[PDB]
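Two separate entries follow, structure 1 and structure 2, each one form of the same protein chain as structure tokens.
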Structure 1
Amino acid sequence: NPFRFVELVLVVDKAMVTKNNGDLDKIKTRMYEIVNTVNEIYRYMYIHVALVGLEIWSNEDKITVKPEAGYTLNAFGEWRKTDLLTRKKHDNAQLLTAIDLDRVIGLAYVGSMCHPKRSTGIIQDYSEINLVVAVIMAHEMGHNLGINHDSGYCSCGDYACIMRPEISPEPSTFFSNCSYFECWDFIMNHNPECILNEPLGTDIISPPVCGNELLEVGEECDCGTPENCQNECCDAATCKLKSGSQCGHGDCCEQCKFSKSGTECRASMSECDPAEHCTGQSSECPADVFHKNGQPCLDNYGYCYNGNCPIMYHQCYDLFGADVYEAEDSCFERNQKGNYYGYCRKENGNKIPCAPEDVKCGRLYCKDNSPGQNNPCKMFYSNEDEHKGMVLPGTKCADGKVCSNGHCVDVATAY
């Protein structure tokens, strides 16, 4: 499955309530439709958007909604991280305000999808035309998905695309080819892990809609509209499986049927990750099971850590390729410097040096056994992502010891 899922939560401020004369039912109904249109707009981007939560501040705003966008975006962000996200798990949150923002009609951090605070954006109820607001909502989520404004020859047909500097009076539902590549460039490089999981029917607060491509409660299947449906198992028009079909979706659903009992549905990462197999009775693949952390693995060279067996040797290979091995102990003393590359961990942004003991849990050093090479302490550093090149957590840093937050500690007390 190529599709990504953005579990969204919409927050509506007091102004919005006052604007709608206190009719919450009207507000909710409209929000449902808008998020449904945002989901269509994103079909092209191989992304789905589901409303998992809707909070209406009918009594009092939980933050001060100022016409000064920056202040509001920031305030709304902190609020999501310290309050909302603490009682409702979601990937992105948008604030719909009826207040007349200064100069802009929306605002959102860029390339911040999944970040507890920066995975947000504010939107002004600029118009009564649902599509107009939906486009603004999508546009702001776009910035979140590392997407920037269109320019030059970026197109989406002879239509005003979603990522234009300013909203069009005759808006469309199409993204520009630039927004596409840009969007996925973000998902490829940075890894918004939080949008991988497919939301569960019950997680969706919006009334189920047949044909929105979101398998929702009460529906056997949902392959979009009859025109877009590519599912031989589903009857697009009704969201009912064809007579004779056992399933219509799932890692264990093959040509409208349950995969044969025992067919692998979730591959094994390593020996510490036992693969799962289909039962033959369901279209769903059994839960992901991991062997216990701390369990010896790879011929007693490592200890299991969250389904993997991180070891110096493999970690070096992943960085410099074959015929490359772990460097001598002496090389690891560079991690005591506490400089730009030789540290053990980071405190609020400061690089902390490795204490003599935790030396093997900081920056990883490898030896090159090629002719004339000469460099005994090869290492990798890129201010693009400082963590890359750092020893993976759970890596066996010593006999009976594993790495934990830049500390070489006893396995027995590690987990």
Structure 2
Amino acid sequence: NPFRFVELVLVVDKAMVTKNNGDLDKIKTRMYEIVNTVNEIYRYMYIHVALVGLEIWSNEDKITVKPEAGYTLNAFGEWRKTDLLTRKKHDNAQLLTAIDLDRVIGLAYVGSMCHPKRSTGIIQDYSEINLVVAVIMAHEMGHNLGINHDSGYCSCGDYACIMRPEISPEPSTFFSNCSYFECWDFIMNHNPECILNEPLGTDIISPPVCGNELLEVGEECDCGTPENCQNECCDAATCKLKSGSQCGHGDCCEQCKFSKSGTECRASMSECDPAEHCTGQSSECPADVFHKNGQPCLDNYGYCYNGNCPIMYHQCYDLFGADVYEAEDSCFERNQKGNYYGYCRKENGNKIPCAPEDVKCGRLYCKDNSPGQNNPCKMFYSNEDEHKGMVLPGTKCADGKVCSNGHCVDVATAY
């Protein structure tokens, strides 16, 4: 599957509810319209956009929406990370506000897709023309997808491109060649892991549309307009199966037919993640199944965590290469300092030192015996991302103990 998927959640501030005289149906119908155009705008980029959530703050805003863009994007991002994402599985979120932002009409982080807090942007309800707001949105999500503003030798035709630093009064639905390459550049170097999965039809709240290249409720298949459709098993115009086709979508559908029962359709990540198989009568691969966390794995050197068996040895290896292993216990005592690298967790942007007992769950230390030198307590630190180098959650920190939220606790009570 060449296509990536952005499971989007939109949020409407109270300023907009009031501006629309409380007509929630009107607001909703309008969001469906806008997102539909965004999806069309993103075909070129081999990216699909599906609205999987819509929250209207008709009672009161859950953050203070100020005309100061930066403040508002940051708060929305925090709220999204500590609230929205906590209870709603989605990849990106945008806030629409009738409040007139200062210097701009939209603002978003760059190259932050899937980031719990930064995978967001704010959009001003600049115009009643859905194509216009659809442009702002595609633009802010563009930045999220690692795209920067066009400049110099960038082109999308004799039209006004989407990523220009200013919106044109004659907005087009085109991304520049520069936007394209920079986007997939981000998609390669950085891994937007959350835009790989295809959203289920029941996950989309917009009204199903046959032809948007998205399989929704009431459709057996969907390959877009009859002109772009390259799916032999589907009748584009009706989204119905045609000919000797027993299916036209799914990881268990090969050449318009169910794959033989027992066919693996999702490989196993580890002894903690049992692979999945096709039934022979279904086209969809069953949902990913992981063994229960806490299950002993890798010959007792670890315990299962979300389908993987994280252990300090592999972590040292991935961080420093060969000839590196778990440092002696004394090394980890550095974690009691609460200094720039030695700590267990963060709370309100504060580095919390490890309690004497949670020392194996903070910054990771490895004894380095790779050629050339000696180093008993090697540790990795980069203010580019302070979390890198930290012991992973679910890692065995002692006999019968695992790391959970920066604490070394009993495996038995950990899950």
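Here, residue number means position along structure 1's sequence, counting from 1. For clarity, a rigid core is taken as the largest C-alpha set superposing within 1.5 Å between two forms.
**Student:** For residue 304, decide whether the Cα shift between structures 1 and 2 is 2 Å or greater, given a superposition on the rigid core.
**Tutor:** For residue 304, whose C-alpha is compared between structures 1 and 2 after core superposition, the shift is 2 Å or more.
**Student:** With a threshold of 2 Å on the C-alpha, tell me if residue 78 counts as moved between structures 1 and 2 once the core is superposed.
**Tutor:** After core superposition, the C-alpha of residue 78 moves less than 2 Å between structures 1 and 2.
**Student:** Which angle, in whole degrees, describes how far the smaller rigid part rotates between structures 1 and 2?
**Tutor:** Rigid-body rotation of the smaller part between structures 1 and 2: 18 degrees.
**Student:** What is the Cα shift of residue 253 between structures 1 and 2 once the core is superposed, in angstrom?
**Tutor:** Between its two positions, the C-alpha of residue 253 lies 2.2 Å apart after core fitting.
**Student:** Keeping the rigid core fixed, what distance in angstrom separates the two C-alpha positions of residue 332 between structures 1 and 2?
**Tutor:** Comparing between structures 1 and 2 after core fitting, residue 332 shifts 14.3 Å at its C-alpha.
**Student:** Relative to the superposed core, report the C-alpha shift of residue 263 between structures 1 and 2 in angstrom.
**Tutor:** Reported C-alpha shift between structures 1 and 2: 5.3 Å at residue 263.
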